[PDB]
Each structure stands twice: as C-alpha cells, then as structure tokens.
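The next block is entry24.cif, given as mmCIF, C-alpha atoms.
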data_work
#
loop_
_atom_site.label_atom_id
_atom_site.label_comp_id
_atom_site.auth_asym_id
_atom_site.auth_seq_id
_atom_site.Cartn_x
_atom_site.Cartn_y
_atom_site.Cartn_z
CA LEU A 248 -23.35 -6.87 -19.83
CA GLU A 249 -23.42 -5.89 -16.16
CA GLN A 250 -19.87 -4.64 -16.59
CA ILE A 251 -20.24 -2.24 -19.50
CA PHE A 252 -23.43 -0.63 -18.24
CA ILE A 253 -22.83 -0.62 -14.51
CA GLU A 254 -19.66 0.31 -12.63
CA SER A 255 -19.36 0.12 -8.85
CA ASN A 256 -16.58 2.67 -8.33
CA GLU A 257 -19.04 4.75 -6.33
CA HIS A 258 -19.85 1.48 -4.54
CA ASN A 259 -23.47 2.51 -3.93
CA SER A 260 -24.68 -0.31 -6.09
CA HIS A 261 -26.20 -3.07 -3.97
CA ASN A 262 -29.81 -2.02 -4.43
CA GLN A 263 -29.37 -0.90 -8.03
CA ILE A 264 -27.69 -4.16 -8.94
CA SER A 265 -30.58 -6.01 -7.32
CA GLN A 266 -33.34 -4.08 -9.06
CA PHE A 267 -31.36 -4.05 -12.30
CA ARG A 268 -31.23 -7.82 -12.31
CA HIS A 269 -34.90 -7.74 -11.37
CA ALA A 270 -35.89 -5.50 -14.26
CA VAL A 271 -33.94 -7.38 -16.88
CA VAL A 272 -34.86 -10.88 -15.71
CA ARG A 273 -38.49 -9.80 -15.61
CA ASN A 274 -38.44 -8.24 -19.06
CA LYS A 275 -37.85 -11.49 -20.89
CA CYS A 276 -40.91 -13.37 -19.71
CA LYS A 277 -43.51 -11.05 -21.23
CA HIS A 278 -42.09 -11.57 -24.72
CA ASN A 279 -42.99 -15.24 -24.49
CA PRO A 280 -43.59 -17.73 -21.64
CA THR A 281 -42.98 -20.82 -23.77
CA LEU A 282 -39.50 -21.09 -22.31
CA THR A 283 -39.35 -21.78 -18.56
CA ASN A 284 -36.74 -21.46 -15.80
CA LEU A 285 -35.12 -18.47 -17.47
CA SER A 286 -32.35 -16.56 -15.72
CA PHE A 287 -30.28 -13.41 -15.97
CA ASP A 288 -27.67 -14.75 -18.39
CA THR A 289 -29.97 -16.68 -20.74
CA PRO A 290 -30.06 -14.63 -23.99
CA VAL A 291 -33.63 -13.91 -25.15
CA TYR A 292 -35.00 -10.65 -26.47
CA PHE A 293 -34.90 -7.61 -24.20
CA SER A 294 -34.70 -3.83 -24.50
CA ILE A 295 -32.44 -1.41 -22.68
CA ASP A 296 -34.53 1.77 -23.05
CA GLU A 297 -37.70 0.20 -21.69
CA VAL A 298 -35.59 -0.83 -18.72
CA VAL A 299 -33.90 2.50 -18.09
CA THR A 300 -37.36 4.04 -17.85
CA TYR A 301 -37.90 1.79 -14.83
CA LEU A 302 -35.04 3.30 -12.86
CA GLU A 303 -36.11 6.89 -13.54
CA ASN A 304 -39.78 6.45 -12.70
CA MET A 305 -39.42 3.99 -9.83
CA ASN A 306 -36.93 6.34 -8.18
CA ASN A 307 -39.54 9.00 -7.43
CA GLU A 308 -42.55 6.80 -6.67
CA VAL A 309 -44.86 7.58 -3.75
CA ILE A 310 -46.96 5.05 -1.85
CA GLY A 311 -49.97 5.91 0.22
CA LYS A 312 -49.66 5.90 3.99
CA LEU A 313 -53.44 6.15 4.19
CA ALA A 314 -54.96 3.08 5.81
CA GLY A 315 -55.75 0.61 3.06
CA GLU A 316 -53.63 2.54 0.53
CA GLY A 317 -50.34 0.63 0.66
CA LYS A 318 -49.66 1.06 -3.05
CA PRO A 319 -48.03 3.67 -5.29
CA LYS A 320 -50.39 6.63 -5.53
CA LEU A 321 -50.82 8.53 -8.80
CA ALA A 322 -51.47 12.22 -9.44
CA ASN A 323 -55.16 11.29 -9.70
CA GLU A 324 -54.94 9.11 -6.56
CA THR A 325 -54.59 5.86 -8.50
CA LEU A 326 -52.91 2.74 -7.15
CA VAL A 327 -51.03 0.12 -9.19
CA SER A 328 -50.37 -3.52 -8.36
CA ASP A 329 -47.13 -3.97 -10.31
CA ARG A 330 -44.94 -1.06 -11.36
CA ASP A 331 -43.71 -2.79 -14.51
CA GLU A 332 -47.17 -2.72 -16.10
CA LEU A 333 -46.75 1.02 -16.71
CA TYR A 334 -43.41 2.05 -15.19
CA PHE A 335 -41.55 0.17 -17.93
CA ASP A 336 -43.81 1.71 -20.56
CA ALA A 337 -43.56 5.37 -19.54
CA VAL A 338 -42.69 7.69 -16.68
CA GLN A 339 -45.47 8.50 -14.22
CA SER A 340 -46.20 11.58 -12.10
CA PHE A 341 -46.99 11.17 -8.40
CA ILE A 342 -48.23 13.53 -5.72
CA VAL A 343 -45.62 15.02 -3.40
CA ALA A 344 -45.36 13.39 0.01
CA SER A 345 -46.26 15.42 3.08
CA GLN A 346 -46.05 14.83 6.82
CA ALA A 347 -49.65 15.91 7.47
CA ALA A 348 -52.25 13.18 7.80
CA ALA A 349 -54.41 14.71 5.07
CA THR A 350 -51.42 14.38 2.72
CA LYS A 351 -49.73 11.41 4.38
CA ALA A 352 -47.55 9.65 1.81
CA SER A 353 -44.17 7.94 1.72
CA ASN A 354 -41.59 8.26 -1.01
CA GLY A 355 -40.25 5.28 -2.90
CA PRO A 356 -37.49 3.29 -1.21
CA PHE A 357 -34.94 4.74 -3.63
CA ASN A 358 -36.19 8.31 -4.11
CA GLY A 359 -33.12 10.48 -4.57
CA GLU A 360 -30.56 7.66 -4.46
CA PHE A 361 -29.94 6.45 -8.04
CA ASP A 362 -30.80 9.25 -10.48
CA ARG A 363 -27.04 9.40 -11.12
CA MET A 364 -27.33 5.87 -12.50
CA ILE A 365 -29.37 7.10 -15.46
CA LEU A 366 -27.17 10.14 -16.02
CA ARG A 367 -24.03 8.06 -16.36
CA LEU A 368 -25.88 5.37 -18.31
CA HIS A 369 -26.98 7.87 -20.94
CA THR A 370 -23.53 9.38 -21.22
CA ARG A 371 -22.57 5.76 -21.93
CA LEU B 248 -1.66 5.22 6.94
CA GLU B 249 -0.41 2.32 9.05
CA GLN B 250 3.20 3.31 8.42
CA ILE B 251 2.73 6.90 9.56
CA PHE B 252 0.40 6.44 12.48
CA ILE B 253 0.52 2.97 13.97
CA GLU B 254 3.75 1.20 14.84
CA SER B 255 2.35 -2.20 15.81
CA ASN B 256 5.73 -3.81 15.13
CA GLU B 257 6.81 -2.23 18.42
CA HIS B 258 4.49 -4.32 20.61
CA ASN B 259 1.01 -5.82 20.96
CA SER B 260 0.07 -5.54 17.30
CA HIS B 261 -3.08 -7.66 17.06
CA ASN B 262 -5.53 -5.61 19.10
CA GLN B 263 -3.93 -2.26 18.40
CA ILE B 264 -4.30 -2.57 14.64
CA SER B 265 -7.69 -4.28 14.94
CA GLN B 266 -9.35 -1.56 17.00
CA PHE B 267 -7.53 1.16 15.08
CA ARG B 268 -9.01 0.08 11.76
CA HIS B 269 -12.41 -0.40 13.38
CA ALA B 270 -12.24 3.17 14.62
CA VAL B 271 -11.21 4.54 11.25
CA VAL B 272 -14.19 2.95 9.54
CA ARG B 273 -16.52 4.13 12.30
CA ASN B 274 -15.31 7.70 12.00
CA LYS B 275 -15.31 7.64 8.21
CA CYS B 276 -18.93 6.52 7.92
CA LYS B 277 -20.31 9.47 9.84
CA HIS B 278 -18.59 12.17 7.91
CA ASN B 279 -19.90 11.21 4.46
CA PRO B 280 -23.13 9.15 4.32
CA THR B 281 -24.00 9.52 0.63
CA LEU B 282 -21.80 6.60 -0.46
CA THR B 283 -21.77 3.02 0.81
CA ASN B 284 -19.38 0.08 1.02
CA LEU B 285 -16.67 2.51 2.16
CA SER B 286 -13.61 0.36 2.78
CA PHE B 287 -10.59 1.49 4.77
CA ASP B 288 -8.56 2.35 1.67
CA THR B 289 -11.19 4.40 -0.10
CA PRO B 290 -10.26 8.10 -0.15
CA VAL B 291 -12.73 10.32 1.65
CA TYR B 292 -12.34 13.39 3.85
CA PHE B 293 -11.98 12.47 7.50
CA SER B 294 -10.68 14.29 10.56
CA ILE B 295 -7.95 12.82 12.70
CA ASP B 296 -8.48 14.74 15.95
CA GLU B 297 -11.85 13.06 16.20
CA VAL B 298 -10.07 9.74 15.82
CA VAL B 299 -7.68 10.40 18.69
CA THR B 300 -10.50 11.64 20.91
CA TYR B 301 -12.76 8.69 20.15
CA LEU B 302 -9.74 6.47 20.79
CA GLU B 303 -9.06 8.00 24.20
CA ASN B 304 -12.69 7.79 25.26
CA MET B 305 -12.43 4.00 25.29
CA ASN B 306 -9.79 3.88 28.00
CA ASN B 307 -11.86 6.62 29.61
CA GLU B 308 -15.18 4.96 28.73
CA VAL B 309 -17.07 3.20 31.51
CA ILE B 310 -20.02 0.98 30.59
CA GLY B 311 -23.17 0.39 32.58
CA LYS B 312 -23.91 -3.27 33.31
CA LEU B 313 -27.49 -2.71 34.48
CA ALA B 314 -30.01 -5.29 33.31
CA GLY B 315 -31.34 -4.21 29.94
CA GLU B 316 -28.73 -1.42 29.84
CA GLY B 317 -25.88 -2.66 27.67
CA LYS B 318 -24.70 0.90 27.09
CA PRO B 319 -22.41 3.47 28.76
CA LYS B 320 -22.63 4.36 32.45
CA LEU B 321 -23.46 8.04 31.95
CA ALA B 322 -23.33 10.32 34.98
CA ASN B 323 -26.65 11.89 34.02
CA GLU B 324 -27.78 8.50 32.67
CA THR B 325 -28.66 9.80 29.24
CA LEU B 326 -29.43 7.35 26.46
CA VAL B 327 -27.82 7.73 23.03
CA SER B 328 -28.93 5.96 19.87
CA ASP B 329 -25.38 5.79 18.49
CA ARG B 330 -22.22 5.53 20.57
CA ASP B 331 -20.40 7.75 18.12
CA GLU B 332 -22.71 10.78 18.18
CA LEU B 333 -21.84 11.29 21.86
CA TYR B 334 -18.10 10.99 21.29
CA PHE B 335 -17.63 13.38 18.36
CA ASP B 336 -18.73 16.52 20.21
CA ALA B 337 -15.99 16.09 22.83
CA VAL B 338 -14.55 13.65 25.35
CA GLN B 339 -17.11 12.47 27.91
CA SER B 340 -16.56 11.65 31.59
CA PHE B 341 -18.60 8.58 32.49
CA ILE B 342 -19.04 7.88 36.20
CA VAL B 343 -16.47 5.63 37.83
CA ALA B 344 -17.27 2.04 38.71
CA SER B 345 -18.61 0.75 42.02
CA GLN B 346 -19.77 -2.69 43.10
CA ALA B 347 -23.19 -1.33 44.09
CA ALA B 348 -25.93 -1.68 41.49
CA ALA B 349 -26.92 1.98 41.85
CA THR B 350 -23.37 3.17 41.09
CA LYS B 351 -22.32 0.04 39.18
CA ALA B 352 -20.06 0.43 36.16
CA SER B 353 -17.65 -1.67 34.12
CA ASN B 354 -14.34 -1.60 32.27
CA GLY B 355 -13.53 -3.16 28.89
CA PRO B 356 -10.79 -5.40 27.49
CA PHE B 357 -9.27 -2.69 25.28
CA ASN B 358 -9.23 -0.14 28.12
CA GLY B 359 -5.78 0.35 29.58
CA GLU B 360 -3.99 -1.25 26.60
CA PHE B 361 -3.64 1.85 24.37
CA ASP B 362 -1.68 3.89 26.90
CA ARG B 363 1.27 4.67 24.61
CA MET B 364 -0.51 5.32 21.32
CA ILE B 365 -2.57 8.29 22.47
CA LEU B 366 0.62 10.13 23.36
CA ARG B 367 2.51 8.94 20.29
CA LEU B 368 -0.21 10.22 17.96
CA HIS B 369 -0.86 13.43 19.88
CA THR B 370 2.86 14.09 19.49
CA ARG B 371 3.44 13.09 15.86
#

Produce structure tokens that represent the structure in this file.
Amino acid sequence: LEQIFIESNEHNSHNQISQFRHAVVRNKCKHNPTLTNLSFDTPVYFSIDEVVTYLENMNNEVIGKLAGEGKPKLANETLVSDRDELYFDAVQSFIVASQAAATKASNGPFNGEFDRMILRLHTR
Amino acid sequence: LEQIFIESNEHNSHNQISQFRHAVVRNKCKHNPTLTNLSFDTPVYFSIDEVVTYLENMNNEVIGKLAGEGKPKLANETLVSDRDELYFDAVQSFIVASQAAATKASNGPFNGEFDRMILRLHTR
C-alpha cells in the first residue's frame, strides 16, 4: 500500500509518511471500536478519498497566534480541537496569516510543502 | 566524483575523503533547500569553486576558544548563525593565534593536512 501510493524519489517524505500513517491508522477506529490494538497493516475498512482530503486541507491550515487562540482559526474565527472531525470530511477555508498583531496568525506546519503529494496521487 | 577529484590512494585517505564528502554535502544543502534527505550521490546543481574555497578556509580558518565562544576567531568578532554563510561569499582572514586571552585563537586537526589537494584541484 505505502509503495503504490507514495514514492520517495523526491525524498521529502518524512513528515508526509508520518501524517499519512497517522491519517490511515486513525481512520479505522471511527468505523468501529469493537476491535482494539489496531495498527497500520491490520486490514479493516478505510477510504482513500476521505484521507486525501486531509492532506489538501491540513496543508494550508492557520492557527491563531492570539493569546489563548492556539488552535486552527476558521474564516469566521472558529477554532477546532481535532482536524479530522471536519478536515477529513471536507476542505476548509482559513484566514490569511499576517505579521501584524491585529492579524497575528501562523500557517500550518506543512503549508506549501506537500501539495505535490496530492497532484501525483491523483495522476495515480 | 571521487575518481576525478580526489586521489586518496596517493596518501592519507581516511581524513581526506571523510572531510571531502562532508564538505560536498554541506555545500549541496545550501544551494537547493526545497528537497530533503539529499545524499552525496543524488544529482543536484552545485558549484565547485565554492567547494575549493570552503576547503581552503579550513587550513586558513582560526577558531576562537573564548569561554562560551565555540566559533571562529573573527578579526571584527562578528557572530554568524551558520559557518557556511560566511564562507560562500569569499575567503575570510581570521586573526592569527596568540596565547593571550584577548588575542587568543586556535588551530584544528584538519588544518595543515590538505596542503596538496587545494593545488591539485585548482589545477585540474
């Protein structure tokens, strides 16, 4: 599975491999918790599209730098505890980050670093 | 690359090749930062003059031994975040050593061992 989807010829993969494994391994649990101690390899139902949404939307996430706002900020100034609750479901739109204090925000850790992943994945 | 440039078989191979490869990675990283995990083999654009200059600076390079100053003994005593950013512009002339703490400076183990290679490369 890792092989077909994901190639490391560019060798920029470390973080994407990590969060990939994170997204997949997470996906399974929601479908049922009756099984326990699940892992990456264990085959139980999971979707590839729902996942690939996660890369796109998490790429360009913005988190508040405002005191007491250490959470992804939405276009309507909303904050979310876990990205998967909505990021998996659908892409989200976030305010642009700015240096000024009035608009003090930080981009997601991966903003602008793995869009290519999705481009190649879809050509696949 | 080894065949053309280095000729370790001639003499004193271990350190020559070691520091050579170290230098090549160090000079490669700077040029192209978009990718990661850039091994020695991987093909990327990289300039060789910079390599020779950086390589000469070592034998030229004089390090400050001041307490809390594990960095070069710069005549103007400037502080640089990265060793390499100072070397790429040109070859620097760090103040010569003296026993006195005010003028104190230090050599290195590699300094004075690469006498022949600078000329051999600059010629080839």

May I have chain A as a PDB file with C-alpha atoms, in the coordinates of the input, after a least-squares superposition on chain B that uses all C-alpha atoms paired in order?
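Listed below is the output, selection.pdb:
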ATOM      1  CA  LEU A 248      -1.111   5.608   6.592  1.00  0.00           C
ATOM      2  CA  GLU A 249      -1.302   2.752   9.090  1.00  0.00           C
ATOM      3  CA  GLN A 250       2.485   2.684   9.061  1.00  0.00           C
ATOM      4  CA  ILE A 251       3.332   6.279   9.912  1.00  0.00           C
ATOM      5  CA  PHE A 252       0.757   6.616  12.671  1.00  0.00           C
ATOM      6  CA  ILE A 253       0.849   3.159  14.194  1.00  0.00           C
ATOM      7  CA  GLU A 254       3.882   1.022  15.021  1.00  0.00           C
ATOM      8  CA  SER A 255       3.619  -2.476  16.471  1.00  0.00           C
ATOM      9  CA  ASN A 256       7.017  -2.685  18.178  1.00  0.00           C
ATOM     10  CA  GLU A 257       5.190  -3.015  21.484  1.00  0.00           C
ATOM     11  CA  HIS A 258       3.088  -5.643  19.689  1.00  0.00           C
ATOM     12  CA  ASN A 259      -0.005  -4.841  21.770  1.00  0.00           C
ATOM     13  CA  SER A 260      -1.827  -3.695  18.697  1.00  0.00           C
ATOM     14  CA  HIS A 261      -4.457  -6.234  17.668  1.00  0.00           C
ATOM     15  CA  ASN A 262      -7.398  -4.480  19.286  1.00  0.00           C
ATOM     16  CA  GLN A 263      -6.150  -0.977  18.524  1.00  0.00           C
ATOM     17  CA  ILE A 264      -5.592  -1.861  14.893  1.00  0.00           C
ATOM     18  CA  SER A 265      -9.121  -3.250  14.770  1.00  0.00           C
ATOM     19  CA  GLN A 266     -10.808  -0.247  16.353  1.00  0.00           C
ATOM     20  CA  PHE A 267      -8.546   2.116  14.424  1.00  0.00           C
ATOM     21  CA  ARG A 268      -9.719   0.644  11.155  1.00  0.00           C
ATOM     22  CA  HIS A 269     -13.225   0.802  12.582  1.00  0.00           C
ATOM     23  CA  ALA A 270     -13.013   4.480  13.463  1.00  0.00           C
ATOM     24  CA  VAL A 271     -11.514   5.569  10.182  1.00  0.00           C
ATOM     25  CA  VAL A 272     -13.720   3.430   7.940  1.00  0.00           C
ATOM     26  CA  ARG A 273     -16.740   4.705   9.839  1.00  0.00           C
ATOM     27  CA  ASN A 274     -15.723   8.346   9.621  1.00  0.00           C
ATOM     28  CA  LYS A 275     -16.060   8.565   5.866  1.00  0.00           C
ATOM     29  CA  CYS A 276     -19.702   7.599   5.565  1.00  0.00           C
ATOM     30  CA  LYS A 277     -21.133  10.515   7.539  1.00  0.00           C
ATOM     31  CA  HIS A 278     -19.551  13.035   5.170  1.00  0.00           C
ATOM     32  CA  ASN A 279     -21.678  11.658   2.358  1.00  0.00           C
ATOM     33  CA  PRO A 280     -23.450   8.335   1.651  1.00  0.00           C
ATOM     34  CA  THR A 281     -23.675   8.876  -2.106  1.00  0.00           C
ATOM     35  CA  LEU A 282     -20.713   6.569  -2.575  1.00  0.00           C
ATOM     36  CA  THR A 283     -21.283   2.944  -1.528  1.00  0.00           C
ATOM     37  CA  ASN A 284     -19.092  -0.060  -0.688  1.00  0.00           C
ATOM     38  CA  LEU A 285     -16.347   2.143   0.714  1.00  0.00           C
ATOM     39  CA  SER A 286     -13.333   0.602   2.425  1.00  0.00           C
ATOM     40  CA  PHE A 287     -10.293   1.491   4.484  1.00  0.00           C
ATOM     41  CA  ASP A 288      -8.020   2.438   1.586  1.00  0.00           C
ATOM     42  CA  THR A 289     -10.527   4.379  -0.531  1.00  0.00           C
ATOM     43  CA  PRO A 290      -9.497   8.068  -0.203  1.00  0.00           C
ATOM     44  CA  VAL A 291     -12.427  10.305   0.808  1.00  0.00           C
ATOM     45  CA  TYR A 292     -12.416  13.084   3.363  1.00  0.00           C
ATOM     46  CA  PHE A 293     -11.565  12.214   6.958  1.00  0.00           C
ATOM     47  CA  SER A 294     -10.042  13.878  10.013  1.00  0.00           C
ATOM     48  CA  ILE A 295      -7.337  12.605  12.323  1.00  0.00           C
ATOM     49  CA  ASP A 296      -8.144  14.699  15.418  1.00  0.00           C
ATOM     50  CA  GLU A 297     -11.805  13.721  15.491  1.00  0.00           C
ATOM     51  CA  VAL A 298     -10.569  10.144  15.396  1.00  0.00           C
ATOM     52  CA  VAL A 299      -7.932  10.422  18.100  1.00  0.00           C
ATOM     53  CA  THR A 300     -10.653  11.706  20.412  1.00  0.00           C
ATOM     54  CA  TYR A 301     -12.309   8.309  19.971  1.00  0.00           C
ATOM     55  CA  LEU A 302      -9.377   6.396  21.415  1.00  0.00           C
ATOM     56  CA  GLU A 303      -9.054   8.656  24.462  1.00  0.00           C
ATOM     57  CA  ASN A 304     -12.726   8.703  25.399  1.00  0.00           C
ATOM     58  CA  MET A 305     -13.598   5.123  24.481  1.00  0.00           C
ATOM     59  CA  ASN A 306     -10.681   3.912  26.596  1.00  0.00           C
ATOM     60  CA  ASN A 307     -12.291   4.952  29.879  1.00  0.00           C
ATOM     61  CA  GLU A 308     -15.944   4.221  29.103  1.00  0.00           C
ATOM     62  CA  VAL A 309     -18.194   2.539  31.668  1.00  0.00           C
ATOM     63  CA  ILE A 310     -21.256   0.434  30.886  1.00  0.00           C
ATOM     64  CA  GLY A 311     -24.023  -0.282  33.318  1.00  0.00           C
ATOM     65  CA  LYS A 312     -24.213  -3.706  34.916  1.00  0.00           C
ATOM     66  CA  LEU A 313     -27.670  -2.798  36.186  1.00  0.00           C
ATOM     67  CA  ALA A 314     -30.343  -5.014  34.668  1.00  0.00           C
ATOM     68  CA  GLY A 315     -31.581  -3.320  31.523  1.00  0.00           C
ATOM     69  CA  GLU A 316     -28.626  -0.893  31.504  1.00  0.00           C
ATOM     70  CA  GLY A 317     -26.236  -2.601  29.084  1.00  0.00           C
ATOM     71  CA  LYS A 318     -24.988   0.671  27.620  1.00  0.00           C
ATOM     72  CA  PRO A 319     -22.293   3.231  28.439  1.00  0.00           C
ATOM     73  CA  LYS A 320     -23.442   5.196  31.472  1.00  0.00           C
ATOM     74  CA  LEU A 321     -22.778   8.934  31.749  1.00  0.00           C
ATOM     75  CA  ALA A 322     -22.035  11.087  34.792  1.00  0.00           C
ATOM     76  CA  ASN A 323     -25.756  11.925  34.823  1.00  0.00           C
ATOM     77  CA  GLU A 324     -26.696   8.250  34.302  1.00  0.00           C
ATOM     78  CA  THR A 325     -27.242   8.629  30.559  1.00  0.00           C
ATOM     79  CA  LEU A 326     -26.920   5.797  28.058  1.00  0.00           C
ATOM     80  CA  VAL A 327     -25.813   6.106  24.420  1.00  0.00           C
ATOM     81  CA  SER A 328     -26.553   3.802  21.502  1.00  0.00           C
ATOM     82  CA  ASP A 329     -23.447   4.509  19.416  1.00  0.00           C
ATOM     83  CA  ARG A 330     -20.277   5.983  20.881  1.00  0.00           C
ATOM     84  CA  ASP A 331     -19.329   7.787  17.675  1.00  0.00           C
ATOM     85  CA  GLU A 332     -22.325  10.126  17.909  1.00  0.00           C
ATOM     86  CA  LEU A 333     -20.573  11.992  20.735  1.00  0.00           C
ATOM     87  CA  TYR A 334     -17.302  10.168  21.443  1.00  0.00           C
ATOM     88  CA  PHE A 335     -15.872  11.387  18.131  1.00  0.00           C
ATOM     89  CA  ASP A 336     -17.115  14.898  18.853  1.00  0.00           C
ATOM     90  CA  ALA A 337     -15.754  15.334  22.382  1.00  0.00           C
ATOM     91  CA  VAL A 338     -14.508  13.464  25.427  1.00  0.00           C
ATOM     92  CA  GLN A 339     -17.127  12.324  27.932  1.00  0.00           C
ATOM     93  CA  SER A 340     -17.015  11.819  31.707  1.00  0.00           C
ATOM     94  CA  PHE A 341     -18.357   8.592  33.211  1.00  0.00           C
ATOM     95  CA  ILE A 342     -19.039   7.448  36.749  1.00  0.00           C
ATOM     96  CA  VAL A 343     -16.390   5.283  38.396  1.00  0.00           C
ATOM     97  CA  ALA A 344     -17.137   1.570  38.457  1.00  0.00           C
ATOM     98  CA  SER A 345     -17.665  -0.135  41.799  1.00  0.00           C
ATOM     99  CA  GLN A 346     -18.143  -3.728  42.912  1.00  0.00           C
ATOM    100  CA  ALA A 347     -21.204  -2.948  45.049  1.00  0.00           C
ATOM    101  CA  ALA A 348     -24.603  -3.608  43.522  1.00  0.00           C
ATOM    102  CA  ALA A 349     -25.744  -0.038  44.165  1.00  0.00           C
ATOM    103  CA  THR A 350     -22.779   1.134  42.067  1.00  0.00           C
ATOM    104  CA  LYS A 351     -22.435  -1.918  39.831  1.00  0.00           C
ATOM    105  CA  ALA A 352     -20.687  -0.887  36.616  1.00  0.00           C
ATOM    106  CA  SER A 353     -18.117  -2.348  34.245  1.00  0.00           C
ATOM    107  CA  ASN A 354     -15.262  -0.482  32.639  1.00  0.00           C
ATOM    108  CA  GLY A 355     -14.800  -0.302  28.897  1.00  0.00           C
ATOM    109  CA  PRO A 356     -13.128  -3.285  27.241  1.00  0.00           C
ATOM    110  CA  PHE A 357      -9.952  -1.252  26.750  1.00  0.00           C
ATOM    111  CA  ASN A 358      -9.829   0.870  29.915  1.00  0.00           C
ATOM    112  CA  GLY A 359      -6.168   1.308  30.784  1.00  0.00           C
ATOM    113  CA  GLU A 360      -4.768  -0.541  27.761  1.00  0.00           C
ATOM    114  CA  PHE A 361      -4.155   2.003  24.965  1.00  0.00           C
ATOM    115  CA  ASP A 362      -3.687   5.463  26.494  1.00  0.00           C
ATOM    116  CA  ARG A 363      -0.055   5.104  25.375  1.00  0.00           C
ATOM    117  CA  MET A 364      -1.364   5.047  21.807  1.00  0.00           C
ATOM    118  CA  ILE A 365      -2.467   8.674  22.060  1.00  0.00           C
ATOM    119  CA  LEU A 366       0.695   9.762  23.852  1.00  0.00           C
ATOM    120  CA  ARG A 367       2.946   8.443  21.114  1.00  0.00           C
ATOM    121  CA  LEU A 368       0.546   9.621  18.410  1.00  0.00           C
ATOM    122  CA  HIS A 369       0.712  13.198  19.658  1.00  0.00           C
ATOM    123  CA  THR A 370       4.477  13.123  19.945  1.00  0.00           C
ATOM    124  CA  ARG A 371       4.217  12.111  16.279  1.00  0.00           C
TER     125      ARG A 371
END

Any chance you could resolve the PyMOL selection byres ((chain B) within 8 of (chain A)) against this file and give the residues as a compact mmCIF listing (two decimals) with C-alpha atoms, in the frame of the given file?
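selection.txt, written as the output of this step:
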# COMPACT_ATOMS: atom_id res chain seq x y z
CA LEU B 282 -21.80 6.60 -0.46
CA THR B 283 -21.77 3.02 0.81
CA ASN B 284 -19.38 0.08 1.02
CA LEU B 285 -16.67 2.51 2.16

What do you get, as a count of residues only, if you spell out every residue that the PyMOL selection byres ((chain A and resi 298) around 8) selects here?
12

To one decimal place in Å, what is the distance between atom CA of residue 251 of chain A and atom CA of residue 286 of chain A?
19.1 Å

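Residues surrounding residue 279 of chain B within 9 Å are residues 291, 292 and 293 of chain B [all atoms listed in the file; sequence separation below 5 positions excluded].
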
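Proximity of A:365, A:290, A:311, A:331 to residue 269 of chain A, computed with all atoms listed in the file, is greatest for A:331.
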
Starting from the shown file, work through the PyMOL selection byres ((chain B and resi 313) around 12) and note down what comes out as a ChimeraX atom specification.
/B:310-312,314-321,324,346-353

Counting all atoms listed in the file, select every polymer residue within 8 Å of (-51.7, 15.3, -13.5) as defined in the file's coordinates, and provide the selection as number ranges by chain.
A: 322-323, 340

May I have the centre and edge lengths, in Å to one decimal, of an axis-aligned box around the listed atoms of segment 310-328 of chain B with 5 Å added to every side, as JSON?
{"center_x": -25.7, "center_y": 3.3, "center_z": 27.4, "size_x": 21.3, "size_y": 27.2, "size_z": 25.1}

Atom CA of residue 361 of chain A to atom CA of residue 254 of chain A measures 12.8 Å

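Relative to atom CA of residue 370 of chain A, atom CA of residue 263 of chain A is found at 17.7 Å.
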
Would you mind telling me which residue in B:306, B:252, B:265, B:327 lies nearest to residue 359 of chain B when using all atoms listed in the file?
B:306

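Residue nearest residue 248 of chain B, chosen from B:358, B:289, B:304, B:345 and counting only C-alpha atoms: B:289.
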
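In this comparison, which uses only C-alpha atoms, the residue of B:343, B:276, B:366, B:253 approaching residue 307 of chain B most closely is B:343.
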